[PDB]
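Colleague: Sending over a structure as structure tokens; questions will come in a sec.
Note that each Cβ is placed from the backbone with ideal geometry, even for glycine, and that neighbours are counted across all protein chains shown. Taken together, the values in this text are just the output of simple stated rules run on the coordinates, not laboratory data.
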């Protein structure tokens, strides 16, 4: 099915979040999930998805070559995997060492060629999801050369050069993907709701098939991540059947802008657990007219949002009240109905929607279910026969945009918009003594005054925090697994226009700090290279299994800019 690239990409994301371990495991994983699994016809569906979004097919001859190249890569990687497996079982065998060195080089060269072919082309945009797959495999292959090169018989300078290449290529490949994605998205920027639909489908599909993978490229830095690491994707993606399934552009002013207004501004993460909906009758059609969401932050404190649309507590429909299990699916029944000679105006709304719940698969219904299935847009990350366990995303929030055109001779537009977060972004923050644990700072529960959440540059997997003067950034509650006596060090992924002090406060008591360097200049676009890792030298323990953890930065002139993506806890053993 044409959904295959989304299915495959989310299964890969699942793997790269949950199985990034030292040894041959990642190499074997990529073979089992992608390169040994996808057929040529399957690779064609990767191209097809983006060709359809941008309404531009890749020119036939070049398209056929792309598929040939991908088939070539799978053949080359298969041979490498076999040599790698044989070598690992008997590493002192000189023949097996020579075989894996040669197969490594052959696959390296093939990927270099493939990536070049997908860059020097007028079809960079429709080739972008096969680019990200070739790039991903290349980073994995170089990680293997760094991890195993000495064992294979590569000399010190060779292994070091492959490491330097690996770090450079994380940058180059990130930069290609974001430049290409940014262009593609601007190309679809428009005026109308129909244009917004296509724009948002592109955003969503390329988040799932490209940006999610790019956000995990840093994990391939095996010198920075020499034990198992766990990432979280905290970005939201949006669905809206009212906007995306309408046969017509809504007759409303600035419809694109009004639809994009329903995307929440950057914020610390929160998780809906209550939803109440008011039905409105407009020009004879009953639709979703407004609603009330309530949520919990990562500390478990309640956040009560002002109601959306026109919400009346009386006769509200209960979808959820303080329910700890989120929804993984919507089944939407939109209505697009106009009169005829006299009354050419549309009502565009949601007549009914059913929600189905993670774990239980219980259904909660607004009026009735329909046949527009969110799983077609945001599919499971696995297939066990149970989407309610296999889901990739949970329903994080519901927004609502409206235009009461019935007042003034235009369309009656009532559009609920559904915000989905990747299940990796859990409603609480957990530190594990056997992992480098990555906690995006948007998983904080309170900002210091003067700290703002800003939209992420696109390659971090979500939003980031910014200050322009010295102070604490934000306050986080963490839950520590295992034995409190485990020592950790804190490592901060940051960008800064200035040298500065970065510190963490553990449980409100002790503050550990280091002096770190400027990484960029004021105004520079953020790239992979803008970010560095600040390792605070002092190892510490948590005094309680639930502890506060503050990240701050100090000792610089106001009007600089300091950005923090995430903190990491490294177990010291």
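Colleague: Going by the alpha-carbon gyration tensor, a ≥ b ≥ c the square roots of its eigenvalues, is the range 236-422 rounded (a/c under 1.5) or, if a/c is not under 1.5, prolate (a/b greater than b/c) versus oblate?
Modeller: Cα axes put the range 236-422 in the prolate bin.
Colleague: Quick check: pseudo-label points 7 Å beyond the Cα along Cα→Cβ at residue 527 and residue 112, how many nm apart are they?
Modeller: Simple spin-label model gives 2.1 nm for this pair.
Colleague: At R0 = 51 Å, how high is the FRET efficiency between residue 223 and residue 341 if r is their beta carbon distance? Nearest 0.05 is fine.
Modeller: The formula returns an efficiency of 0.10 here.
Colleague: Rounded, prolate or oblate: which fits the chain, taking a ≥ b ≥ c as square roots of the Cα gyration tensor eigenvalues, rounded meaning a/c under 1.5, else prolate when a/b beats b/c?
Modeller: oblate
Colleague: On C-alpha positions alone, give me the angle between the axis of helix 156-188 and the longest principal axis of the chain, in degrees, nearest 10.
Modeller: The angle comes out at about 20 degrees.
Colleague: On a 0 to 90° scale, report how tilted helix 4-18 is relative to the longest principal axis of the chain, with both axes built from alpha carbons and the result rounded to the nearest 10.
Modeller: 60
Colleague: Sequence gap at least 6, Cα distance under 8 Å: using those rules, report the relative contact order of the range 499-540 to the nearest whole percent.
Modeller: 38
Colleague: Can you figure out the FRET efficiency of residue 119 with residue 360, using R₀ = 45 Å and their beta-carbon distance, to the nearest 0.05?
Modeller: 0.45
Colleague: Quick one: compute the contact order of the range 430-572, relative version, from alpha carbon pairs under 8 angstrom and 6+ residues apart, as a percent.
Modeller: Worked out over the range 430-572, it gives 38 percent.
Colleague: So, one more: Per-residue ellipticity at 222 nm for the chain, helices alone: DSSP H runs ≥ 4 residues times -39500 (n - 2.57), over residue total, nearest 500 deg cm²/dmol?
Modeller: -10000 deg cm²/dmol
Colleague: Tell me whether the range 380-535 comes out rounded, prolate or oblate; compute the Cα gyration tensor, take square roots of the eigenvalues as a ≥ b ≥ c, and use a/c under 1.5 as the rounded threshold.
Modeller: Oblate.
Colleague: Please report 244, 509 as a ranked list, fewest other C-beta atoms within 10 angstrom at the top and most at the bottom.
Modeller: Lowest count first: 509, 244.
Colleague: To continue, here is another question. Hey, what did the chain get for relative contact order, percent, Cα under 8 Å, at least 6 apart?
Modeller: 13
Colleague: Using only Cα atoms, tell me the angle between helix 193-206 and the longest principal axis of the chain; keep it within 0 to 90° and round to the nearest 10.
Modeller: Orientation of helix 193-206: about 20 degrees from the principal axis.
Colleague: Over the Cα atoms of the range 112-163, each weighted equally, I'd like the Debye log10 I(q)/I(0) at q = 0.24, 0.25 Å⁻¹, rounded to two decimals.
Modeller: Each listed q corresponds, in turn, to -0.81, -0.84.
Colleague: What do you get for Rg/Rh of the range 4-223 when both radii come from the Cα atoms and Rh is the Kirkwood radius?
Modeller: 1.00
Colleague: As a footprinting exposure proxy, order 180, 522 by other Cβ within 10 Å, with the fewest listed first.
Modeller: The most exposed by this proxy come first: 522, 180.
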